[PDB]
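So this first bit is one chain, no partners, the form deposited in one PDB entry, shown in structure tokens.
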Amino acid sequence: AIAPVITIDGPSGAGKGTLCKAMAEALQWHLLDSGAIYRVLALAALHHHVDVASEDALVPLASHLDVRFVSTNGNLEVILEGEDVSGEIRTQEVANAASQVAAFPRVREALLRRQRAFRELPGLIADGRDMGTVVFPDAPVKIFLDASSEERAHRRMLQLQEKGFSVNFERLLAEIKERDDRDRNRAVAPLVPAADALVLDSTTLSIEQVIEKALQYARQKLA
């Protein structure tokens, strides 16, 4: 009776965002960008002067985190307390704060019900780190999108250059190196692929190939 869910987990810069949107549109399903939740929580903490390195301080904020997401009128907008912060949550200051807040056990549990509420018919495409291992363990379809850290740093560099930002590959390689250690080195819902997850390594695959392989797999298990 419950709605089917396709989980897409993987490290930062693996291309989950792009894949999820493409699958959601292809199947006309709902989307959940769990990372945006942790980022909106982080931005909230910064604006409310809540200690980002304090589990006690963060828990209250997470439990009442006022965040809504708007459908695809073209893309997706993240709202915090009535204000669009879609761009601000994508800043390095918020990305860093987000990994900080997502590290605490009680803070993550305080966000479980909120993420799980996204499971609604006809289906949900869930993007994150632990969608297939903690949030939605029973997902009929689980995908682990991964790629070498070097490639993910290279793609990042290029995207920042497109936007007109001056970058340095060495810095980006360390940046993703540090994020990977966090998401993967924490006794609390670490980044690990589910045993039944399709491991999609996109290092030498194009956006088109990834989407094609993902949909082939998902459609296979759901019809």
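Numbering starts at 1 and runs along the sequence shown. Note that the rigid core is defined as the largest set of C-alphas that superpose within 1.5 Å between two forms.
As the entry records it, the average C-alpha temperature factor is higher for 180-188, out of 180-188 and 23-31.
The mean Cα B-factor in the deposited entry runs higher for 61-69 than for the other of 61-69 and 46-54. Comparing the C-alpha B-factors of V101, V78, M131, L124 in the entry, the top value falls on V78. Looking at the C-alpha B-factors along this chain, the one for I6 belongs to the lowest third. Sorting the modelled residues of the chain by their CA temperature factor places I89 in the highest third.
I37: CA B factor lies in the lowest third for its chain, per the PDB record.
Ranked by Cα temperature factor within the chain, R171 sits in the highest third according to the deposited record. For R116, the recorded CA temperature factor ranks within the lowest third of the chain's modelled residues.
One more form of this protein, deposited in another entry, exists but is not displayed; see below.
Once you line up the core between the shown form and the other one, the CA of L65 is the only one from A36, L198, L65, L31 that shifts by 2 Å or more.
After superposing the rigid core, the C-alpha of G74 moves by 2 Å or more between the shown form and the other one. With the core superposed, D138 shows a C-alpha displacement below 2 Å between the shown form and the other one. Once both forms are fitted on their core, the CA shift for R119 between the shown form and the other one remains under 2 Å. Three angstroms is the minimum change: in the other entry, the CA atoms of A98 and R129 sit farther apart than in this structure, by 3 Å or more. The distance between the CA atoms of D66 and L31 is at least 3 Å shorter in the other entry than in the form shown here.
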